[PDB]
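What follows is a set of notes on a single structure, which appears directly below.
Here Cβ is always computed from backbone atoms with ideal geometry, including for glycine, and neighbour counts include all displayed protein chains. FYI, it's all coordinate maths here, none of it is from the lab.
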Amino acid sequence: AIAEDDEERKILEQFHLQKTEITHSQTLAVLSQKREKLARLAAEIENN
Amino acid sequence: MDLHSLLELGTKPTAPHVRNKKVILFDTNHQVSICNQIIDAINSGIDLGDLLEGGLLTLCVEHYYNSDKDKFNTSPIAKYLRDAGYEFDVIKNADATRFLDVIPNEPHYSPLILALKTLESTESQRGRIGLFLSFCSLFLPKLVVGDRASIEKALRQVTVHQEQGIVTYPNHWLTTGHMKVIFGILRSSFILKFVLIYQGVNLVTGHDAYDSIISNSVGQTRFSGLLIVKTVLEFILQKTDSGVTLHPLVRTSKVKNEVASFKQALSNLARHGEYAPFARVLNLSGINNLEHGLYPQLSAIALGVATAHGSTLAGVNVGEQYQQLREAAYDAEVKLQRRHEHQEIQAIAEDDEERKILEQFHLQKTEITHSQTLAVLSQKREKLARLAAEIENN
Amino acid sequence: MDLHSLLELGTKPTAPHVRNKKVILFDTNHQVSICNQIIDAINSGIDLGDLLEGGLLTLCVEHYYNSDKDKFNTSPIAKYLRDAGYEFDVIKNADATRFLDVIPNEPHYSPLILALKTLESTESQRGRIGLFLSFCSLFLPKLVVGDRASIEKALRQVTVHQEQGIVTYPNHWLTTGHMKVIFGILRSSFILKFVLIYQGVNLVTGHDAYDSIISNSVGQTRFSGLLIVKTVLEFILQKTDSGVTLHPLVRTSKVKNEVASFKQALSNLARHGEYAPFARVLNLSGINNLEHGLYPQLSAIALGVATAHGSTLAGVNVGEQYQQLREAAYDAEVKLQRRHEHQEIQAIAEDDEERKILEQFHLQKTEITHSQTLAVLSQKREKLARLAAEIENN
RNA sequence: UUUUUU
RNA sequence: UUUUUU
RNA sequence: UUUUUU
RNA sequence: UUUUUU
């Protein structure tokens, strides 16, 4: 909807696909450190 | 109700499923040395059977993305391999010298680490990884045929690329046991094939010798096991300015059902997008509905008409139940194309002297084409005789 | 849907990728001495295998941009080489005397520095760097053919340029082992070729002898491996004031598909702009879709018609499957052009005495052309016989 | 009961 | 199952 | 793969 | 590569 040419929509398409891949890799990083934080708290609860 | 919709059930997926595949990306500081030891362990014949996708992805990330892993993680290669089910976990080892130090502590990795203890690696440069991926790209045209055709096309491309002088491969790479090993490596691994197909299409600017070799061999891989698509779309479904028109050999009422089902299973192939040329080599979804046995008469008539235009298509093999209809369609198309070129010569010639010049030229052209077709048929006959001689040798 | 769009997938890149190439620009105060020792290390046969692009770029920046590196950094050479993936880092050494002092401390540079310890360099002037780049420019026409054709055209241009007396090369440069070395240097290095192509096009005013030699040899490099482009655009796709018109030998219904695909792959070549003549020598993008095997009949008919106009094109070699259609198209075009020049002589002559003068002239002109075509065919036949004699010598 | 081919 | 050529 | 001439 | 005469 918001482009004007095919060259403009090629630049905006390449930007928004890279932006979505950035947020998906950040979401997976947050999920992995959440899982390790829960595992470390459970290891401390088992230790204590 | 529409009872002819029963034939289309169970075809297309209604709740699509993917299976997770955990693939191990290695990340050291001595990354070129780790990748050269992965190259040396592949060349030695050592079966690294679960770490094969991880070692090949380490080679491909270190060549194309400079082992950065954040440039790789947001690339469309990694989006495609995530949608195809792979999960990348990057294990890290800041002081790792050898490939022996990097293998995990699973008990089935014990024959791999005792094989890697005695393996001697040669010190080598940055330019061995691109050499190895360029050698693996040569097997990609005629990959889906078999091992003999891949090794023959690979050695022909070794001689073509060394005749330009731009590369040299070592002589133990060109032994047929080693080429058999590299064929099995490329055949059993999905992500090496996809990375070579993607970077052959898309890495186009500022070429190395190796990247031009990979793009040249990926440009010959287009419709590698999809000959029926090229023959039907080029000759049966005729493209003109009015529209699509059928060939006169297929306009009767018994082959029109096969061209309707071919049009449907053809339009489900372009759902794959820009990898729809590469559908049999990557083993994509709709390629079971493009087999020759599903369309026997359409494949034989299309191969006959395509042989009657391009003279080098007489060396394809086909099954025994398709050869004779192929020869009949070839002879009918030779007579039909001769009548058409005679009528067009009568159309475009403005005087009888020019008309005699053009009739002698186009007559001599068809005689040249017919002699080339008999020469390539005799090449096929002693090629199959040499194959059966090798069968009776063992 | 349009099912004939399946044949165009996987062709053009949809997410274009470049690979970074780190190239080392040397910056001392004794820059002419460093560049003359790089020239002497190249001439000695010493393989400086990773510092080759850096040494050649040091030579080219010191010749054309006076080793300024801020005039170079904002030039269109550096914009082009940045878009093609190269990254320049300028290492600095304010008191560096020899090329031995400037090499980094990587461990694979040890055979280079032990080779450079025993290398004797001769003291020489500013005019050796332009002499070396002018000698490297002589291999650029017929670079893409092979080493024998490059060395033969290079020695022919040595004799032409010394017959004007403007240069002299030393006699150990003209030994064929040394010319083989300089061929491999120019073939393996992208940026020396591009710098010579750019400065042959664009450095045009206030000429030295060396810069006129480089511009002369770059003006012969235009369409060096693109003969099919010159033959089709000059003779098949005929230019006139009404438009583009096909030749009468290609207006039938079996070659018009090949001229349509040639028009498409041709218009993707002019996407490269002003280096589209230099597309095979620089190894640019769309040159795999301009091969002779993709268009067999169009290449043979175009080479036949071009041989029938220009008499010196009978010495091109071609494959065995294209020679006979080429000879048929040559004979048809000789008869067609004879009929056209007879009708134009009848058009432009205002009296029969003038018409007899013009008919005798144009008859004698075609007899002269036919004798020259047989002379160059016999030159090709003993040239291939001398080549096969050299094959059986080893 | 089902029956081929791919 | 795939089968040529470049 | 490329193939002449200038 | 250039090729005469003045």
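The residues on offer are B:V255, B:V160, B:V181, and the sole one that is hydrophobic (A, V, I, L, M, F, W, C) and touching a helix residue (DSSP H, G or I) at 6+ places or on another chain (Cβ under 7 Å) is B:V255.
Answer with yes or no whether C:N36 is under 17 Å from C:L59 (Cβ atoms), touching a residue at least 40 places away in the same chain (Cβ under 8 Å) and under 26 Å from the mean Cα position of the chain (by Cα). Don't jump to the end; show me each part of the working.
Details: under 17 Å from C:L59 (Cβ atoms): yes; touching a residue at least 40 places away in the same chain (Cβ under 8 Å): yes; under 26 Å from the mean Cα position of the chain (by Cα): no.
No; evaluated as a whole, the condition is false for this residue.
For C:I182, the criteria (1) over 14 Å from the mean Cα position of the chain (by Cα); (2) of a type outside the set (D, E); (3) surrounded by fewer than 16 Cβ atoms within 10 Å (Cβ to Cβ) hold in every case but one, which is (3). Of all residues in region B:217-244, those satisfying the criterion of being more than 18 Å from B:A279 (Cβ to Cβ) and either assigned to a loop (DSSP other than H, G, I, E, B) or free of Cβ contacts under 8 Å to residues at least 40 places away in the same chain (or both) are B:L237, B:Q238, B:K239, B:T240, B:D241, B:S242, B:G243, B:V244.
Per the listing B:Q323, B:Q343, B:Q337, the residue uniquely more than 24 Å from the chain's Cα centre (by Cα) and within 16 Å of RNA strand D (Cβ to nearest atom) is B:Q323. All of (1) surrounded by 19 or more Cβ atoms within 10 Å (Cβ to Cβ); (2) within 13 Å of the chain's Cα centre (by Cα); (3) within 14 Å of chain C (Cβ to nearest Cβ) hold for B:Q220 with one exception: (1). The residue of region C:149-168 that is farthest from RNA strand E (Cβ to nearest atom), among those that are among the polar types (S, T, N, Q) and exposed (fewer than 12 other Cβ atoms within 10 Å of the Cβ), is C:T168. Taking first residues from region C:47-62 that are touching a residue at least 40 places away in the same chain (Cβ under 8 Å) and partners that are among the charged types (D, E, K, R) and in a loop (DSSP other than H, G, I, E, B), no Cβ contact under 6 Å between residues at least 6 apart in sequence or on separate chains turns up. Does B:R148 satisfy the criteria of being under 16 Å from the mean Cα position of the chain (by Cα) and farther than 19 Å from C:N288 by Cβ? So B:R148 passes the test.
Taking B:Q343 as the residue in question, decide whether it is among the polar types (S, T, N, Q), exposed (fewer than 14 other Cβ atoms within 10 Å of the Cβ) and over 30 Å from B:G146 (Cβ atoms). Answer is yes for this residue. Residues that are surrounded by 14 or more Cβ atoms within 10 Å (Cβ to Cβ) and more than 13 Å from B:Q297 (Cβ to Cβ) within region B:239-260 comprise B:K239, B:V244, B:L246, listed in sequence order. Restricting the first member to region B:316-327 and to residues that are of a type in the set (G, A, S), and the second to residues that are away from RNA strand G (no atom under 16 Å from the Cβ) and not in a loop (DSSP other than H, G, I, E, B), the beta-carbon pairs closer than 9 Å and six or more apart or on different chains are B:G319/B:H292; B:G319/B:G293; B:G319/B:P296. Within region B:281-289, is even one residue surrounded by fewer than 16 Cβ atoms within 10 Å (Cβ to Cβ) and of a type in the set (G, A, S)? Checked against the condition, which is being surrounded by fewer than 16 Cβ atoms within 10 Å (Cβ to Cβ) and of a type in the set (G, A, S), region B:281-289 yields at least one hit.
Within region C:34-84, the residues that satisfy the criterion of being within 14 Å of another protein chain (Cβ to nearest Cβ) and assigned to a helix (DSSP H, G or I) are C:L52, C:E53, C:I77, C:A78, C:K79, C:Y80, C:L81, C:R82, C:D83. Of all the listed residues (B:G177, B:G200), the sole one being of a type outside the set (D, E, K, R) and over 26 Å from C:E8 (Cβ atoms) is B:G177. Within region C:156-170, the residues that satisfy the criterion of being over 19 Å from C:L133 (Cβ atoms) and either more than 23 Å from the chain's Cα centre (by Cα) or more than 9 Å from RNA strand G (Cβ to nearest atom) (or both) are C:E163, C:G165. Among the residues of region C:19-29, those that are crowded, with 17+ Cβ neighbours inside 10 Å and part of a loop (DSSP other than H, G, I, E, B) comprise C:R19, C:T28.
Out of all the residues in region C:77-92, is one or more under 30 Å from C:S261 (Cα atoms) and either surrounded by fewer than 17 Cβ atoms within 10 Å (Cβ to Cβ) or acidic (D, E) (or both)? Steps first, please.
Of all residues in region C:77-92, those under 30 Å from C:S261 (Cα atoms) come to C:80, C:83-84.
This time we only want the ones that are either surrounded by fewer than 17 Cβ atoms within 10 Å (Cβ to Cβ) or acidic (D, E) (or both), so: C:80, C:83.
Yes, because at least one residue in region C:77-92 is under 30 Å from C:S261 (Cα atoms) and either surrounded by fewer than 17 Cβ atoms within 10 Å (Cβ to Cβ) or acidic (D, E) (or both).
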